[PDB]
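**Student:** Structure provided below as structure tokens; questions to follow.
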Amino acid sequence: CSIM
Amino acid sequence: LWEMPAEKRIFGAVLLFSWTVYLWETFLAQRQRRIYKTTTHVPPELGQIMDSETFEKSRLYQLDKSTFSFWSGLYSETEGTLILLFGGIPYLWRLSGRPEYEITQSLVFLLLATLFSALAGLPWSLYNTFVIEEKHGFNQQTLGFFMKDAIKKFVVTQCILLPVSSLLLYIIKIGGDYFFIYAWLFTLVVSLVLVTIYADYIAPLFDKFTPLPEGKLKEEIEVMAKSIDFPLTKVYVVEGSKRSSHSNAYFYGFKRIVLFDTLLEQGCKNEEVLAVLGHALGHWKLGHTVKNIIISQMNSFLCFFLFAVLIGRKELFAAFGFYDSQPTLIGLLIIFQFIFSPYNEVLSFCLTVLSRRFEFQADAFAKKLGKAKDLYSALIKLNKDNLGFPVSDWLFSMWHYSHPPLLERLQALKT
Ligand SMILES: [Zn+2]
């Protein structure tokens, strides 16, 4: 997954 | 019915749904566009998060993005409707003519279908990077890099598409009567193979991948990696500054970390970077990665099963203009992209709801590591870096936002  | 048709009714149903979903998303887009136009004053809650200068810079950026989002979206919805009504797909199938013969026809149809798709969308893509991203000073790309990359990507796509498509069509046509299980298992293998290959071979062809240089950040990351028992091979610093000023981070393996050079530089401090890593390491430890694969393969099995049930129906082919023949590739398009549209929309909404819950869990894991204060500062700093508007319409963020709002994530960390 990502952060933003 | 002595008043209504059969094949013409199911074609109309597809288009009626495609437009109501569009109008729902447009109503939502209008609802959030009003927020950007109305909220001109900085809120008292998000007062410490953003300043008036950064808030207004973010207000106009999201406003220009919303305007483009509508017209680029409207053109697509009009094009889709017009191609179907004009009968583009069956006529394009005829021009790609003149089991091996049908697979070859399917292969050239696909090559032509993706060529038009790429060319028709390229001016819109060129506008976004060179007018929106350039006006708000994010874009760092040159016209040459954009063009060279577009061809690079298109070439690499076709070289993956054509062999995977030819083998998948082969399994459906040759295999049977339970062909959907071998076709689902083929996509299951192709998925796991392309996941491992991508970051190591495909991805470095478009962006410059370099391992993280030895320092205070590189040493502290190895200490954190050994602490969480993460089998770290190397940390990567992706040259994302060659494209845009936007900052983000990701992770991959079978394991290596991926962080933007814009995030490390301006960006975020080493203490904030480690907190951002602690969040990303959370998806690995909480098994968010493994859970997402289990859902994706469960979805494709349910899809291939219902496909095998509906492929025999000649009514769905006649609906879209295919009367003389029932092609395999065309069957995959009609059932998967039009008949499954209600299911695909519900599943996507459910997975967006899950994504938000998965992000909160990874933020809670970062707080459990003790880097809660550092992540709180990082999330605010990354929001300013990417000019993210803190205020958002609840109905819009619930349907679209894969990540929960900044104010919601910050309050969970403060608690
Ligand atoms: Zn995340």
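All of this is worked out from the model, or read from it or from the source named; nothing here is a laboratory result. FYI the Cβ positions are ideal-geometry reconstructions off the backbone, even for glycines, and counts take in every protein chain you see.
**Student:** Restrict the check to the stretch B:176-188 and report whether at least one residue is of a type in the set (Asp, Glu) and closer than 30 Å to B:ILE103 by Cβ.
**Tutor:** So far as the stretch B:176-188 goes, yes, one or more of its residues are of a type in the set (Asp, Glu) and closer than 30 Å to B:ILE103 by Cβ.
**Student:** Related question: Quick one: is B:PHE336 away from the ligand (no atom under 15 Å from the Cβ), assigned by CATH to the domain that holds B:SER18 and touching a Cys at 6+ places or on another chain (Cβ under 9 Å)?
**Tutor:** When the stated conditions are applied, B:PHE336 passes them.
**Student:** Moving to a separate point now. How about the stretch B:343-415: which helices (runs of 4 or more DSSP H) wholly inside it have at least 3 residues that are within 14 Å of the ligand (Cβ to nearest atom) and more than 25 Å from B:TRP24 (Cα to Cα)?
**Tutor:** Result: B:372-385, B:406-414.
**Student:** Could you please find all residues in the stretch B:32-55 being surrounded by fewer than 14 Cβ atoms within 10 Å (Cβ to Cβ) and part of a helix (DSSP H, G or I)?
**Tutor:** B:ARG34, B:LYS37, B:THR38, B:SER52, B:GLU53
**Student:** Any idea which residue in the stretch B:285-309 is nearest to B:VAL346 (Cα to Cα), counting only those that are among the polar types (S, T, N, Q) and within 16 Å of the ligand (Cβ to nearest atom)?
**Tutor:** Initial filter on the stretch B:285-309 (among the polar types (S, T, N, Q)): B:289, B:292, B:296-297, B:299-300.
Then keep just the ones that are within 16 Å of the ligand (Cβ to nearest atom); that gives B:289, B:292.
Values: B:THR289: 21, B:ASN292: 16 Å.
Ranking the qualifying residues of the stretch B:285-309, first place goes to B:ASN292.
**Student:** Which of the residues belonging to the stretch B:274-326 are more than 24 Å from the chain's Cα centre (by Cα) and within 12 Å of chain A (Cβ to nearest Cβ)?
**Tutor:** Hit for the stretch B:274-326 is B:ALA275, nothing else.
**Student:** Same structure, new question: Within the stretch B:395-403, is even one residue in the same structural domain as B:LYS57 (by CATH), over 22 Å from B:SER348 (Cβ atoms) and surrounded by 19 or more Cβ atoms within 10 Å (Cβ to Cβ)?
**Tutor:** No, the stretch B:395-403 contains no residue that is in the same structural domain as B:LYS57 (by CATH), over 22 Å from B:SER348 (Cβ atoms) and surrounded by 19 or more Cβ atoms within 10 Å (Cβ to Cβ).
**Student:** List, please: which pairs have Cβ atoms under 7 Å, are six or more places apart or on different chains, and start with a residue in the stretch B:356-375 that is within 18 Å of B:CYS268 (Cβ to Cβ) and away from chain A (no Cβ under 14 Å) and end with one that is buried (at least 22 other Cβ atoms within 10 Å of the Cβ) and of a type in the set (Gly, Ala, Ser)?
**Tutor:** B:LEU369/B:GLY278; B:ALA372/B:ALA366
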